[PDB]
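Participant: What follows is a structure written as structure tokens; I'll ask about it next.
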Amino acid sequence: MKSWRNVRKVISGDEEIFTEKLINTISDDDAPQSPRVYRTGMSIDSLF
Amino acid sequence: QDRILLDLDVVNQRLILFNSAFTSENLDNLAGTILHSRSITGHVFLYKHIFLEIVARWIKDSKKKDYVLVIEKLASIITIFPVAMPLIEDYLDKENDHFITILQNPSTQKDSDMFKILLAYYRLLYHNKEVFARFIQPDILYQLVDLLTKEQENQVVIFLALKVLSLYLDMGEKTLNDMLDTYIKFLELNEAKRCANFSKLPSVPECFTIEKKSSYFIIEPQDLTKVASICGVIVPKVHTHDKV
Amino acid sequence: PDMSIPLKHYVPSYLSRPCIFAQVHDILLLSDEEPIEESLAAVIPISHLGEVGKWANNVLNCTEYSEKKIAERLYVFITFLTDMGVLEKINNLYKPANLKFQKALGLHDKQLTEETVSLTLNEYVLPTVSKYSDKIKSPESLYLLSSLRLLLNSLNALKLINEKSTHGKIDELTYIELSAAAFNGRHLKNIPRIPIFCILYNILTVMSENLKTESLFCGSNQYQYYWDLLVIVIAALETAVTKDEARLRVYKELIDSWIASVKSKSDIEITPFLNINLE
Amino acid sequence: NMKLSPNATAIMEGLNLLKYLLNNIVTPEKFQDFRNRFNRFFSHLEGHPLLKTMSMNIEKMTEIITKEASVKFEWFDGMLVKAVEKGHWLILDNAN
């Protein structure tokens with residue numbers, strides 16, 4: 001997003017170029033809610 | 001009464017800022033040491049409001065060969081510091097023939113003695129062409145181009161030569177490339193970066209007060225010639241009429 | 001203090017060769033972060049892309065240009081493109097657009113290589129290009145380029161592990177390198193059971209040969225799926241540097257979910273794998 | 001002649017003459033300019049100079065005859081004519 005946004009600000013103006021539209025934008029709500037169980041990046045291989 | 005003031009602790013502040021990135025006797029000393037260096041645009045940052053006196057001292061003390069370095073470092077100053085444009089213009093009226101006589105009858109020396117000249121010439125056309133358009137003899141440039149097209153291994157001199165011609169004869173862009181690729185089997189992105197690097201730095205300031213700290217005094221009778229003392233900052237010394 | 005004047009203030013605006021590199025240096029300026037994104041051949045025309053090598057050589061040979069790595073990275077990008085037969089595709093693609101410029105102008109030699117972006121989406125000339133492949137106005141044109149750096153960003157990083165396992169030692173010894181020793185002919189005795197380096201190596205070969213001889217640019221959003229897989233691979237190698245075996249149970253789950261999802265889209269990209277995802 | 005066919009022998013004269021025109025304005029005592037022009041015109045590569053040499057000699061006969069029309073209010077062409085006559089643009093400033 002931002003690496004294209006500065007190129008919006010050089011070869012074009014402040015209004016969004018054609019290409020800033022097509023890049024997706026992930027909705028910041030799609031986490032899995034893993035912390036119903038509390039685990040970490042610990043190497044759990046030793047357990048099994 | 002009023003004259004130049006100059007602090008020195010702030011000069012050292014500017015030294016530590018800059019080099020983090022990358023009487024008349026004193027003036028002669030600093031002129032020599034700034035000349036025989038290669039870096040220029042740090043000295044200009046420290047010593048701004050004094051500098052034109054140093055330019056005048058480079059104009060006077062010639063030493064019979066220094067001329068090359070004079071125009072070389074002068075051209076490197078100009079776009080950063082567009083205020084020595086008068087004195088350099090006055091210099092070439094006296095000095096142009098001594099460069100011509102190098103370029104005419106080529107050096108039989110290191111090519112650098114010509115390289116710098118053309119390079120400075122380029123900048124002095126790129127700054128403004130409607131002033132420096134009479135200190136050139138393009139015939140001799142084409143003579144060098146002939147002689148270094150017939151002879152080999154010299155593929156930088158010719159580049160600057162034709163580049164100077166391309167701004168003397170106000171060529172376009174496709175003639176330029178075709179002309180190059182008729183004589184040959186780069187520059188202009190760098191100088192812009194020099195000036196841009198200079199604009200990275202902040203605005204220098206004049207104290208205008210006798211601060212209780214180390215300071216350097218330059219007075220009215222020590223303003224050399226073709227540069228005039230003033231209550232503020234030094235100003236050029238041009239024109240003939242001057243009878244008291 | 002970086003609030004500088006850009007180069008267009010000091011560049012002659014009546015030449016073409018500098019004013020594009022002006023935009024290059026200026027795009028590097030405005031970003032606070034290093035764009036590891038290639039958005040620089042996004043600006044350079046396909047003509048005088050060969051000047052990139054001389055540009056990076058000039059960057060090193062002189063003292064200015066505080067940044068000197070990124071000019072090398074973009075050059076590696078271009079020489080990775082010419083390693084593919086990819087620029088022949090896109091130079092052959094714009095040739096209708098060069099015909100409109102040939103006819104609008106009283107004299108115009110139809111050149112070999114066109115002065116136009118490597119994007120196919122920055123411009124008005126798309127509908128001359130989009131006589132086929134209306135995917136051009138769908139994101140796969142973008143992700144074609146972006147995915148193409150990621151692969152190149154991976155091979156450079158993966159290959160050093162192959163040099164590290166080749167130069168393998170008990171000190172600076174890591175689990176991904178133990179898997180690299182498993183692929184590497186010079187193998188260390190310790191924990192042979194991790195033959196995953198080859199499995200996280202052949203996928204780049206699948207992508208590289210596929211993109212070399214696809215020639216479509218008109219699939220079923222295939223380049224979008226040559227991107228999400230690449231994220232998954234970058235995650236797989238990062239969680240492969242130390243002991244986590246069960247975390248790799250959710251990496252044959254994902255490629256197969258990736259396969260079953262793109263197969264649900266009926267994108268015909270399906271032959272060249274799927275015994276590697278099952279091995 | 002820089003784009004094709006170098007020919008140092010007359011390209012050098014061409015530059016020598018261009019500098020003499022560019023640095024300096026011509027006055028009566030033109031005969032230096034005439035001789036330098038013809039010394040350059042060893043080379044003929046356009047027919048247009050064949051018109052221009054005729055445009056020189058007409059002035060020469062006119063340069064001798066200035067004494068007998070010492071006072072003559074004669075019309076001269078403006079600017080807009082010379083543009084529209086020659087071919088190049090106008091940018092008129094304000095029409096205040």
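Identifiers in this document derive from the order of the structure tokens: chains are assigned A, B, ..., residues are numbered from 1 separately in each chain, and ligands are numbered from 1 in order of occurrence.
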Can you tell me, as a PyMOL selection string, what residues are no more than 12 Å from residue 83 of chain C when counting only C-alpha atoms, ignoring any on the same chain fewer than 3 positions away?
Facilitator: chain C and resi 76-80+86-88+152+208-209+211-212
Participant: List the spatial neighbours of segment 11-20 of chain B as a VMD selection string - criterion: any atom at most 10 Å away, only C-alpha atoms, same-chain residues fewer than 2 positions off excluded.
Facilitator: (chain B and resid 6 to 9 22 41 to 43 45 to 47 201 204) or (chain C and resid 1)
Participant: Just N, CA, C and O atoms for this one: save the residues we selected as a compact mmCIF listing (two decimals), in the first residue's frame.
Facilitator:
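Result went into again.txt, see below:
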```
# COMPACT_ATOMS: atom_id res chain seq x y z
N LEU B 6 32.31 36.42 13.54
CA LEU B 6 32.32 35.00 13.22
C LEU B 6 32.60 34.19 14.48
O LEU B 6 33.68 34.31 15.06
N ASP B 7 31.63 33.38 14.88
CA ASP B 7 31.82 32.49 16.02
C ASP B 7 32.57 31.24 15.58
O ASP B 7 32.75 30.97 14.39
N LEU B 8 33.02 30.47 16.58
CA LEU B 8 33.89 29.32 16.36
C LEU B 8 33.42 28.06 17.06
O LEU B 8 33.70 26.96 16.56
N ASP B 9 32.73 28.17 18.19
CA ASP B 9 32.13 26.98 18.78
C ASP B 9 31.02 26.44 17.89
O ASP B 9 30.86 25.22 17.75
N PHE B 22 29.19 11.84 6.16
CA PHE B 22 29.94 11.13 5.13
C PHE B 22 31.12 10.37 5.70
O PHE B 22 31.91 10.92 6.47
N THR B 41 32.34 21.47 -0.29
CA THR B 41 31.03 21.87 0.20
C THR B 41 30.79 21.52 1.66
O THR B 41 29.63 21.54 2.10
N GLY B 42 31.84 21.19 2.42
CA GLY B 42 31.78 21.21 3.86
C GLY B 42 32.39 22.50 4.37
O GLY B 42 31.85 23.14 5.27
N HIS B 43 33.52 22.88 3.77
CA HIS B 43 34.14 24.17 4.07
C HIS B 43 33.18 25.32 3.82
O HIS B 43 33.17 26.29 4.58
N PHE B 45 29.98 25.14 4.11
CA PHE B 45 28.97 25.12 5.15
C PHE B 45 29.47 25.78 6.43
O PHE B 45 28.72 26.49 7.10
N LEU B 46 30.74 25.55 6.77
CA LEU B 46 31.29 26.18 7.95
C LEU B 46 31.53 27.66 7.70
O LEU B 46 31.10 28.51 8.49
N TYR B 47 32.18 27.98 6.59
CA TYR B 47 32.69 29.32 6.33
C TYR B 47 31.89 29.88 5.17
O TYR B 47 32.36 29.88 4.02
N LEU B 201 20.99 20.21 4.57
CA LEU B 201 21.52 20.93 5.72
C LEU B 201 20.66 22.13 6.05
O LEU B 201 19.87 22.60 5.22
N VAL B 204 22.21 28.56 7.60
CA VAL B 204 23.22 29.20 8.44
C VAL B 204 22.69 30.55 8.94
O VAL B 204 21.85 31.07 8.23
N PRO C 1 19.51 16.33 8.37
CA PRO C 1 18.05 16.18 8.43
C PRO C 1 17.43 15.95 7.06
O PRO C 1 17.59 16.77 6.16
```
Participant: Between atom CA of residue 179 of chain B and atom CA of residue 165 of chain B, measure the distance and give it in Å to one decimal.
Facilitator: 10.9 Å
Participant: Identify, on the basis of only C-alpha atoms, every residue whose closest approach to segment 221-238 of chain C does not exceed 10 Å; exclude the query and any residue fewer than 2 positions from it along the same chain; express the result as a compact mmCIF listing (two decimals) with N, CA, C and O atoms, in the first residue's frame.
Facilitator:
```txt
# COMPACT_ATOMS: atom_id res chain seq x y z
N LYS C 135 -8.61 -9.75 -17.38
CA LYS C 135 -7.94 -9.89 -16.10
C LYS C 135 -7.01 -8.73 -15.79
O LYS C 135 -6.66 -8.53 -14.63
N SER C 138 -8.09 -6.65 -13.20
CA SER C 138 -8.27 -7.43 -11.99
C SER C 138 -6.86 -7.53 -11.41
O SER C 138 -5.90 -7.35 -12.17
N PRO C 139 -6.68 -7.78 -10.11
CA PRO C 139 -5.37 -7.51 -9.49
C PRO C 139 -4.21 -8.36 -9.98
O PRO C 139 -3.07 -8.07 -9.61
N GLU C 140 -4.43 -9.38 -10.82
CA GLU C 140 -3.37 -10.33 -11.14
C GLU C 140 -2.21 -9.68 -11.90
O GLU C 140 -1.10 -10.21 -11.85
N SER C 141 -2.44 -8.56 -12.58
CA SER C 141 -1.33 -7.82 -13.16
C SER C 141 -0.37 -7.32 -12.11
O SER C 141 0.85 -7.46 -12.28
N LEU C 142 -0.88 -6.73 -11.03
CA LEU C 142 -0.05 -6.30 -9.92
C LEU C 142 0.70 -7.48 -9.32
O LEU C 142 1.94 -7.49 -9.28
N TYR C 143 -0.03 -8.50 -8.86
CA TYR C 143 0.56 -9.63 -8.17
C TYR C 143 1.49 -10.45 -9.04
O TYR C 143 2.27 -11.24 -8.50
N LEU C 144 1.42 -10.30 -10.36
CA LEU C 144 2.44 -10.89 -11.21
C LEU C 144 3.82 -10.36 -10.86
O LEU C 144 4.77 -11.13 -10.71
N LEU C 145 3.93 -9.04 -10.72
CA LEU C 145 5.20 -8.42 -10.36
C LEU C 145 5.58 -8.71 -8.92
O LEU C 145 6.70 -9.16 -8.65
N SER C 146 4.66 -8.46 -8.00
CA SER C 146 4.95 -8.58 -6.58
C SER C 146 5.33 -10.01 -6.22
O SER C 146 6.37 -10.23 -5.57
N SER C 147 4.55 -10.99 -6.66
CA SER C 147 4.92 -12.39 -6.46
C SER C 147 6.29 -12.68 -7.05
O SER C 147 7.09 -13.39 -6.44
N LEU C 148 6.61 -12.06 -8.19
CA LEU C 148 7.88 -12.33 -8.83
C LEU C 148 9.06 -11.85 -8.02
O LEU C 148 10.15 -12.41 -8.18
N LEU C 150 8.98 -12.00 -4.63
CA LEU C 150 8.98 -12.89 -3.47
C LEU C 150 9.74 -14.17 -3.75
O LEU C 150 10.60 -14.56 -2.94
N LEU C 151 9.43 -14.83 -4.86
CA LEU C 151 10.23 -15.95 -5.34
C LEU C 151 11.70 -15.58 -5.38
O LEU C 151 12.53 -16.29 -4.81
N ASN C 153 13.05 -13.18 -3.81
CA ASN C 153 13.46 -12.92 -2.44
C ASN C 153 13.67 -14.21 -1.67
O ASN C 153 14.46 -14.22 -0.72
N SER C 154 13.02 -15.30 -2.08
CA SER C 154 13.16 -16.58 -1.40
C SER C 154 14.39 -17.35 -1.84
O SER C 154 15.15 -17.82 -0.99
N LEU C 158 16.98 -18.86 0.58
CA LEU C 158 17.10 -20.31 0.66
C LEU C 158 18.48 -20.79 0.24
O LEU C 158 19.05 -21.67 0.89
N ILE C 176 16.41 -25.99 10.19
CA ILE C 176 16.30 -25.81 8.74
C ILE C 176 17.58 -26.25 8.05
O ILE C 176 17.55 -26.83 6.96
N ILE C 196 12.75 -31.80 4.31
CA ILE C 196 11.80 -30.74 3.97
C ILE C 196 12.43 -29.65 3.12
O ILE C 196 11.69 -28.94 2.41
N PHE C 197 13.75 -29.48 3.17
CA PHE C 197 14.42 -28.46 2.36
C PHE C 197 14.15 -28.66 0.88
O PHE C 197 13.87 -27.69 0.16
N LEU C 200 10.54 -27.63 0.34
CA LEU C 200 10.46 -26.17 0.25
C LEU C 200 11.49 -25.61 -0.73
O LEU C 200 11.87 -24.44 -0.62
N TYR C 201 11.94 -26.43 -1.68
CA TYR C 201 12.78 -25.99 -2.78
C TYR C 201 12.17 -26.26 -4.14
O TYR C 201 12.27 -25.40 -5.02
N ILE C 203 9.13 -26.23 -5.00
CA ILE C 203 7.96 -25.40 -5.28
C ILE C 203 8.38 -24.19 -6.09
O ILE C 203 7.67 -23.74 -7.01
N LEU C 204 9.55 -23.63 -5.77
CA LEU C 204 10.07 -22.52 -6.54
C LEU C 204 10.42 -22.95 -7.96
O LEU C 204 10.27 -22.16 -8.89
N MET C 207 7.01 -23.06 -9.78
CA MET C 207 6.63 -21.70 -10.13
C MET C 207 7.50 -21.14 -11.25
O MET C 207 6.95 -20.57 -12.21
N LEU C 211 5.74 -20.24 -14.74
CA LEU C 211 5.70 -18.86 -15.21
C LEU C 211 6.52 -18.64 -16.47
O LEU C 211 6.22 -17.73 -17.24
N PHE C 217 -1.28 -15.09 -19.03
CA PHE C 217 -1.72 -13.87 -18.37
C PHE C 217 -3.24 -13.69 -18.48
O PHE C 217 -3.77 -12.58 -18.43
N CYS C 218 -3.96 -14.81 -18.63
CA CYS C 218 -5.40 -14.83 -18.85
C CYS C 218 -6.03 -16.02 -18.13
O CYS C 218 -7.04 -16.55 -18.59
N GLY C 219 -5.44 -16.44 -17.02
CA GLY C 219 -5.90 -17.61 -16.31
C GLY C 219 -7.19 -17.34 -15.56
O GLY C 219 -8.05 -16.57 -15.99
N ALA C 240 10.69 -23.28 10.50
CA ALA C 240 11.53 -24.45 10.30
C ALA C 240 12.95 -24.26 10.83
O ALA C 240 13.75 -25.20 10.78
N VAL C 241 13.28 -23.08 11.35
CA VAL C 241 14.64 -22.81 11.80
C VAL C 241 14.93 -23.44 13.16
O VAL C 241 16.11 -23.63 13.50
N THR C 242 13.90 -23.79 13.94
CA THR C 242 14.07 -24.42 15.24
C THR C 242 12.98 -25.46 15.44
O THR C 242 12.08 -25.61 14.61
N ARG C 247 4.01 -28.10 13.94
CA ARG C 247 3.70 -26.94 13.11
C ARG C 247 3.77 -27.24 11.62
O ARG C 247 3.18 -26.49 10.84
N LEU C 248 4.46 -28.29 11.22
CA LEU C 248 4.51 -28.71 9.83
C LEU C 248 3.36 -29.63 9.45
O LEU C 248 3.17 -29.92 8.27
N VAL C 250 0.43 -28.52 9.70
CA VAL C 250 -0.49 -27.52 9.18
C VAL C 250 0.17 -26.83 7.99
O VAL C 250 -0.01 -25.62 7.79
N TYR C 251 1.00 -27.57 7.25
CA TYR C 251 1.63 -27.05 6.04
C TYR C 251 1.45 -28.01 4.87
O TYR C 251 1.60 -27.60 3.72
N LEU C 254 -2.32 -27.09 4.34
CA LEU C 254 -2.61 -25.80 3.73
C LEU C 254 -2.43 -25.82 2.22
O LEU C 254 -3.25 -25.25 1.50
N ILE C 255 -1.37 -26.45 1.73
CA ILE C 255 -1.13 -26.60 0.30
C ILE C 255 -2.26 -27.41 -0.32
O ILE C 255 -2.66 -27.16 -1.47
N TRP C 258 -5.03 -25.18 -0.35
CA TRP C 258 -4.75 -24.30 -1.48
C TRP C 258 -5.09 -24.98 -2.79
O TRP C 258 -5.73 -24.39 -3.67
N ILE C 259 -4.68 -26.25 -2.94
CA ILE C 259 -5.00 -27.01 -4.14
C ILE C 259 -6.50 -27.17 -4.29
O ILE C 259 -7.06 -26.94 -5.37
N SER C 261 -8.85 -25.38 -3.15
CA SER C 261 -9.51 -24.11 -3.37
C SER C 261 -9.30 -23.59 -4.79
O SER C 261 -10.26 -23.17 -5.44
N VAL C 262 -8.06 -23.61 -5.28
CA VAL C 262 -7.85 -23.23 -6.67
C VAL C 262 -8.49 -24.22 -7.63
O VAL C 262 -8.94 -23.82 -8.71
N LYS C 265 -11.89 -23.23 -8.03
CA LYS C 265 -11.95 -22.18 -9.04
C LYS C 265 -11.72 -22.70 -10.45
O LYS C 265 -11.86 -21.92 -11.41
N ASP C 267 -9.03 -23.29 -11.97
CA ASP C 267 -7.84 -22.77 -12.62
C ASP C 267 -6.96 -23.93 -13.08
O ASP C 267 -6.47 -24.71 -12.26
N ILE C 268 -6.75 -24.04 -14.39
CA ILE C 268 -5.93 -25.10 -14.95
C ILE C 268 -4.46 -24.75 -14.74
O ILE C 268 -3.81 -24.16 -15.61
N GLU C 269 -3.96 -25.09 -13.56
CA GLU C 269 -2.57 -24.87 -13.18
C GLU C 269 -2.09 -26.08 -12.38
O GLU C 269 -1.13 -25.99 -11.61
```
Participant: Quick one: residues within 12 Å of residue 21 of chain C, only C-alpha atoms counted, chain neighbours fewer than 4 positions away excluded, as a PyMOL selection string?
Facilitator: (chain B and resi 188-190+192-193) or (chain C and resi 6-8+11+13+15-17+25-28+40-45+48-49+51-52+55-56+59+71)
Participant: Under the rule of at most 6 Å, produce a per-residue listing of chain B near chain C: chain, number, name, the closest pair of atoms, and the distance in Å, as a Markdown table, using only C-alpha atoms.
Facilitator:
```
| residue | atom | partner | partner_atom | distance |
| --- | --- | --- | --- | --- |
| B:192 | CA | C:10 | CA | 5.0 |
| B:196 | CA | C:5 | CA | 5.5 |
| B:199 | CA | C:4 | CA | 5.4 |
| B:200 | CA | C:4 | CA | 4.6 |
```
Participant: Residues of chain A were defined as contacting chain C if any atom lay at most 9 Å from it, counting only C-alpha atoms; please report them as a ChimeraX atom specification.
Facilitator: /A:2-4,6-7,9-11,17-19,21-24,41-45
Participant: Given a cut-off of 8 Å, which residues of chain B touch chain D, counting only C-alpha atoms, written out as a VMD selection string?
Facilitator: chain B and resid 133 to 134 137 to 139 142 to 143 146 175 178 to 179 182
Participant: Which parts of segment 57-93 of chain B does DSSP call helix (DSSP H, G or I) when run on the backbone here, written out as a list in words?
Facilitator: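 Residues meeting the helix (DSSP H, G or I) criterion: residues 57, 58, 59, 60, 67, 68, 69, 70, 71, 72, 73, 74, 75, 76, 77, 78, 85, 86, 87, 88, 89, 90, 91, 92 and 93 of chain B.
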Participant: With C-alpha atoms retained, write the just-selected residues as a CSV table (one decimal), in the first residue's frame.
Facilitator:
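Saved result, again.csv, follows:
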```
chain,number,residue,atom,x,y,z
B,57,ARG,CA,42.3,35.5,-2.8
B,58,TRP,CA,42.1,32.5,-5.2
B,59,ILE,CA,41.7,35.1,-8.0
B,60,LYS,CA,44.8,37.1,-7.0
B,67,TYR,CA,44.3,28.5,-12.6
B,68,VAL,CA,43.0,25.0,-13.3
B,69,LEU,CA,42.2,24.3,-9.7
B,70,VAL,CA,40.7,27.8,-9.5
B,71,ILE,CA,38.0,27.3,-12.1
B,72,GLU,CA,37.6,23.7,-11.0
B,73,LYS,CA,36.7,24.4,-7.4
B,74,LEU,CA,34.8,27.5,-8.5
B,75,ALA,CA,32.5,25.5,-10.7
B,76,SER,CA,31.8,23.1,-7.9
B,77,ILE,CA,30.7,26.0,-5.7
B,78,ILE,CA,28.3,27.8,-8.0
B,85,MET,CA,28.9,34.3,-10.1
B,86,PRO,CA,30.3,37.9,-10.6
B,87,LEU,CA,33.9,37.3,-9.6
B,88,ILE,CA,34.2,34.1,-11.6
B,89,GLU,CA,32.9,36.0,-14.6
B,90,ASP,CA,35.5,38.7,-14.1
B,91,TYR,CA,38.2,36.1,-13.8
B,92,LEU,CA,37.7,34.5,-17.2
B,93,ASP,CA,38.1,37.8,-19.0
```
Participant: Could you list, as a list in words, every residue within 12 Å of residue 37 of chain D, counting only C-alpha atoms and ignoring same-chain residues fewer than 3 positions away?
Facilitator: residues 10, 13, 14, 15, 16, 17, 18, 20, 21, 30, 31, 32, 33, 34, 40, 41, 42, 43, 44, 49, 50, 52, 53, 56 and 57 of chain D
